[PDB]
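Worksheet: the structure to be examined is printed underneath.
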Amino acid sequence: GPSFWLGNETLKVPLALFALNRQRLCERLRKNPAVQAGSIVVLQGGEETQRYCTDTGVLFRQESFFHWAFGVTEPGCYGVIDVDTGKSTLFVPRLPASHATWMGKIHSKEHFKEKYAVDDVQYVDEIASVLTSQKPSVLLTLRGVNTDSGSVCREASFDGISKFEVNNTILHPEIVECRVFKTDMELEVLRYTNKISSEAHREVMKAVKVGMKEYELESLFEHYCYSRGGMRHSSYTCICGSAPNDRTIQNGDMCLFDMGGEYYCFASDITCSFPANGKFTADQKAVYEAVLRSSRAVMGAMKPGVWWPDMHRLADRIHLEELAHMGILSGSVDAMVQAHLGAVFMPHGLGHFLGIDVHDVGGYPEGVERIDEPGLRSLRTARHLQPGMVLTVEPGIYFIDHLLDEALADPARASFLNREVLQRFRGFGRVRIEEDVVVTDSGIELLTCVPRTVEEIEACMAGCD
Amino acid sequence: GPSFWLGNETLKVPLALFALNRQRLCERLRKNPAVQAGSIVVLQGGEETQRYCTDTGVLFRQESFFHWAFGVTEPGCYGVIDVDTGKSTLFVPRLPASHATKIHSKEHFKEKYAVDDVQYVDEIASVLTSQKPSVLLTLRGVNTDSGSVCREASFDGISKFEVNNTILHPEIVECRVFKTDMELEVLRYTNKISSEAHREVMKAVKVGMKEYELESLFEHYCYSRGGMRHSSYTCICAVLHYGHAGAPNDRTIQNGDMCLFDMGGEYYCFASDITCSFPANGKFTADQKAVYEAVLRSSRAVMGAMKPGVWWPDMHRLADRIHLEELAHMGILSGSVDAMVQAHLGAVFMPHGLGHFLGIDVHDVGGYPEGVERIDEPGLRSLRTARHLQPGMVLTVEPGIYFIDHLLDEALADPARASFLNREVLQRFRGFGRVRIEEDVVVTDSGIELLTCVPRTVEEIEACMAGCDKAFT
Ligand code: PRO
Ligand code: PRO
Ligand SMILES: [Mn+2]
Ligand SMILES: [Mn+2]
Ligand SMILES: [Mn+2]
Ligand SMILES: [Mn+2]
Ligand SMILES: [O-]
Ligand SMILES: [O-]
């Protein structure tokens, strides 16, 4: 069948991927006791937007649920799926003559059917008539709460939808659950996005020179991903530690570069930390290797059945052990964990689902509660791991004055801290190591492939090989 | 005073630039007979947005009127200007501690932006109440390129004030139409970097490359060497294969192609908009040279004719006449050029407007103020302004010749036009492609200043693509 492709060495993505997703969604809905026979899923795609009141276009990126279901790149579309049969219909805008003049040929419905391998194509202004003729029991529309943004998903609407029975509660948890588990075809794309972003991270490490501006490396990263990967979008706003990051990379700095390209709306999210000048100091090596250790410990321990908060607390324990070894901390690490001391140095969650969104959906379905403790409350899922899930593993150690100050004021934590040693690490900066992995039947598969050991990084930055 | 700067070789932009804009706006409003004493301008800055319902951030770019007045890069702000004194107050978000996981003081923002006062956003009603203004002047009006209505500032409690939303928009638009010398320094810089990027594209292009490889290179040059985080507009190198101009242009560049790259970077929310046309393989064919030099001729004729008092639609018509003359000299057209012009035949080859205001927006504001009417003729109806030129305006000059099948076929089906076309010669230019030459210029007291600096003659272009140092001529 047909595929998405940007030529050269970019990945060919079969439109069969989205067909499989639709089938999987229907299979799930059919098992839902509340789903009436003759139901039709109705999804509305994204539309082109402009900057404020200007005619300056904003780069269009498809809505994620709609992309997952259809892979459609064009703005202004809808898509529906007959639950009982799986039949898919794409609705495309009916375009005017001036479109031929100003922005190219006007394609038939037949063109779109062939391109997207859907069962039928119609125009958007006919959607009420087409759905009416098919006489559905109910329309299943998308409405739910994203547990990372707090935003409510926007339900599809069209002229005449008021004439239909609409249910907006059933679909969201079911399509979210499908997205949580990646198909082999989806994993191929996420392997590819990780490949290109990994390569771009290597180029950044080779290119960094003291005196450069961070945004120069952000630029290089995006250029590598676009020109070699066909990755037009960054998955997220690029974080370039050491809205352009115009900090000058200084001798002695620890760099932290958190960046990931997106291919055909499939994300990647990778973080590398390394010394700006290519040589770890003793202190930098100590902190860096602590995070390397927790990174590897978590990846190693991950398998179906593991509770993700246990992995977070595993990383905490290891960080505290290493910080104690360094002399920053003293006393019982058991006692330290009881006092939540780990969250002083790692305030964010250990890692998150990744897929079509960087912070992918489904981390907190009904029945899965957020843990109200420091560190853990910032976890973007408290689920147990299962095969097919894609996660970031991103422990880090940070020296954040206001977290440190709070701990030093609190007698339950202040005891553990050696102020004379900690003083040396004020303004140390921060280390984060972020890998993308997939859960397998027995463990994980690592998607990311960048230099990680002190030896590998120093050799890479020195221009070796 | 303070300046915006991204280090290295990037331009230092004094925050005085925005203080001068605030001053000019107040001076205009003071002379406006309908403005009450004690009036206060209230502008609302943009807020951060996310992709749909996700927490994926969209890169924040300040709203243009708010930028023009304040130069503030942070989301979530408001800005107020007391008309009678010119006193400026920035309102900034009160950030929680979790943001530290550094938070700047109000004093830090006051120093950074060289405003008279800074307050937190949640205090705006209290602060304005205490200042006892007569009326709040807010922004509402119609953008004549998008058709959209400018968003009027609002805050909890604004209902307790008298609000006028009609005075400000035409006045602040008119201020934006006329660029200050400080604004011109930024536009010179954006044009310099974008011109250099266009040269790098011409130097790098190889048969067999995808167009988006060149778009990527352009963006990388502008960002890494110019600090231009944003393209000014969606960069044109596909709408066809993926539905939006923003999608990657994934056509493979072929031998014999004519390339058209329309791209321009933005620095600190000041735009550029440049188009270069050139042969993919670095050598103009006789036909390519002919079409190209026709557009070069119209480009230069217009630039040579522009000065204060010139009616912009007359420049569009002048380009039309030159295109038709040259197309006739090529044997694509035959007959009376005067007759062709009467038949609006120029619009067959150049369906768009000759050029447009440029500033903080690529298609900048103020092209159609009250009393200035859109001309309902082919080509001219697409002009983004029908104003007379005055010193301080910044315009693009972007004539082009296109061979667009359905426009040509329509002309061939029209008895009023069909005779002018020689199919025997025209047939050879089907699939020729497109030439557009787009310069950015400033209207001076007596003519123009050219901001753009790219190779333009056939020899200059061929030299650039052959890797000659820019100094070579
Ligand atoms: O948002 C998150 O969960 C991770 C940790 C900080 C950067 N990204
Ligand atoms: O929109 C405009 O005015 C011009 C026409 C060609 C592309 N940009
Ligand atoms: Mn990250
Ligand atoms: Mn992440
Ligand atoms: Mn242009
Ligand atoms: Mn233009
Ligand atoms: O991350
Ligand atoms: O343009």
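Please note: Cβ atoms are built from the backbone with ideal geometry, for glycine as well, and neighbour counts cover all protein chains shown. We did not get these values from a lab; they are worked out from the coordinates using the rules stated.
If you average 1/r across every pair of different Cα atoms in the stretch A:181-465 and take the reciprocal, what Kirkwood value do you get, in Å?
One decimal place: 19.3 Å for the Kirkwood radius.
Just for the stretch B:67-176, what percent of DSSP beta bridges are antiparallel, to the closest 5?
45 percent
Evaluate peptide B:55-64: per residue, the Cβ atoms of other protein chains within 10 Å of its Cβ; return the mean as an integer.
Partner Cβ neighbours, averaged per residue: 6.
Kirkwood hydrodynamic radius (Cα pairs, Å) of the stretch B:317-409?
Averaging 1/r across every pair of different Cα atoms and inverting gives 14.4 Å.
Which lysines, if any, have their Cα less than 16 Å from the Cα of B:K132, not counting same-chain residues under 8 positions apart?
Correct list for B:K132: B:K87, B:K160.
Give or take rounding to whole Å, what are the principal axis extents of the alpha carbon atoms in the stretch A:80-160, in descending order?
Taking max minus min along each principal axis of the Cα atoms, the stretch A:80-160 gives 43, 33, 26 Å.
Within 10 Å of each Cβ in B:221-233, how many Cβ atoms from other chains are there, averaged over the peptide?
4
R0 = 60 Å: FRET efficiency of A:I161 with A:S415, Cβ-based, nearest 0.05?
Efficiency computed from Cβ-Cβ geometry: 0.45.
Mind jotting down the distance between the C-alpha centroids of the stretch B:1-15 and the stretch B:146-191, whole Å?
About 23 Å separates the Cα centre of the stretch B:146-191 from the one of the stretch B:1-15.
Under 10 °C and 1.306 mPa s, how fast does the protein assembly as shown diffuse according to Stokes-Einstein, given a Kirkwood radius computed over C-alpha pairs? Answer in µm²/s, whole number. Intermediate values should be presented prior to the final figure.
Numbers: Rh = 30.5 Å.
So the translational diffusion coefficient is about 52 µm²/s.
How large are Rg and Dmax for the stretch A:156-277 when only the alpha carbon atoms are used, in Å?
Rg and Dmax of the stretch A:156-277, Cα atoms, are 19.6, 67 Å.
To the nearest 500 deg cm²/dmol, what mean residue ellipticity at 222 nm is calculated for chain B from DSSP H runs of n ≥ 4 alone, each contributing -39,500 (n - 2.57), summed and divided by the residues?
-10500 deg cm²/dmol
When the Cα atoms of the stretch A:15-108 are enclosed in a convex hull and the volume is divided per residue, what value in Å³ results?
Enclosed volume per residue, from the Cα hull, is 133 Å³.
Provide a whole-number value for the mean count of partner chain Cβ atoms within 10 Å of the Cβ atoms in peptide B:144-152.
Going residue by residue through B:144-152 and averaging, the value is 3.
Could you give the Stokes-Einstein D for the stretch B:1-177 in µm² per second, using the C-alpha Kirkwood radius, 20 °C, 1.002 mPa s? Display every interim value, and only then the final one.
Values: Rh = 17.2 Å.
After rounding, the answer is 124 µm²/s.
Could the peptides A:27-35, B:352-360 be put in order, highest first, of the mean number of other beta-carbon atoms found within 10 Å of their residues?
Sorting A:27-35, B:352-360 by mean packing, highest first, produces B:352-360, A:27-35.
Listed here are the pairs A:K195/B:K192; A:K195/B:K210; B:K102/B:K179; A:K113/B:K283; A:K113/A:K182; A:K113/B:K210; which of them are more than 32 Å apart at the Cα?
Over 32 Å apart, Cα to Cα: A:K195/B:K192; B:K102/B:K179; A:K113/B:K283.
So for each of B:259-270, B:364-375 I average, over its residues, the number of other beta carbons within 10 Å; can you give me the resulting order with the highest mean first? Working shown, then result.
Values: B:259-270: 24.4, B:364-375: 16.3.
In descending order of packing, they fall as B:259-270, B:364-375.
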